[PDB]
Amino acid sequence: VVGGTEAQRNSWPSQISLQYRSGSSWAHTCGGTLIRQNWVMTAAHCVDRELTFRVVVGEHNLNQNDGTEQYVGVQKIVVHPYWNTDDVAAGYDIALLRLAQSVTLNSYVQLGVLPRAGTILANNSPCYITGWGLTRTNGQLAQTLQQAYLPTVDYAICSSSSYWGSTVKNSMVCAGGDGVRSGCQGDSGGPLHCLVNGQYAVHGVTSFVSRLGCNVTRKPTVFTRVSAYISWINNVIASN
């Protein structure tokens, strides 16, 4: 997150860190949202390959023992069948990870609440992106979970030529684009939490930014619209 502030430890208990085996250790590579004690929702491009993954829930500082983490392996990955690695702009950037064991819920570990299917937020709706992604374009990962206020940019505006044009689809949510705050590498797969009827719910799965940089004025961070996949999500969980 560029332009973020450190989140309090218990503000975003559904946020997870998806890590892959690197050398003799584990390396954070993407964010995710715990949606069942044994299922994590993330971006398909994060799990599109042949890497070995573990999920860390209750994580705050990637480089220090928080005394709250649970580590768990990923037993099965279900990527959206329509996901095309060669065209992230086509959409379907979402995958579900079935965890080897159910994690235990507590103030650091909770299920992310999902919006009702079909929900599209009014322009400028209040949301927050969270993650350990880069703190500057071409910079380094944050050590502690960061958050940044990123109001939505509705489809009509997001799809206009000075913004994302044809690149954005209605199956996505655009948020931010203020030139200062944005998602950045390592935030992919993470939640966009939006306040609706007094409850924060996860309306987006972090997907992409401008080739020009993370915080680029009028190139809001783009997310997969969670509300477009509620039936898909429920069908996967019901069958695995």
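Note that residue numbering follows the sequence shown and begins at 1.
Of 119-127 and 152-160, the stretch whose C-alpha atoms average the higher B-factor in the entry: Between 119-127 and 152-160, it is 152-160.
Would 231-239 or 2-10 have the larger average of its C-alpha temperature factors, as given in the entry? 231-239 has the higher mean C-alpha B-factor.
Going by the entry, which of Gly177, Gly58, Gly31, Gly213 has the most elevated CA B factor? If I rank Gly177, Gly58, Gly31, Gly213 by C-alpha B-factor, first place goes to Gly213.
Looking at the C-alpha B-factor values in the deposited entry, which of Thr135, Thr144, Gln147, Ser102 comes out highest? Of the candidates given, the C-alpha B-factor peaks at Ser102.
Of the three thirds of its chain by CA temperature factor, lowest, middle or highest, which one includes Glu69? Middle third - that is where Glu69 ends up once the chain's C-alpha B-factors are sorted.
Assigned third (lowest, middle, highest) for the C-alpha B factor of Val113: Highest third - that is where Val113 ends up once the chain's C-alpha B-factors are sorted.
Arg225 CA temperature factor, ranked by third within the chain: For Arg225, the deposited C-alpha B-factor lands in the lowest third.
Ordered by C-alpha B-factor within the chain, which third holds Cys46? Give me lowest, middle or highest, please. Answer is lowest: the recorded C-alpha B-factor places it there.
According to the PDB entry, is the CA B factor of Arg36 in the bottom, middle or top third of its chain, that is, lowest, middle or highest? Highest third.
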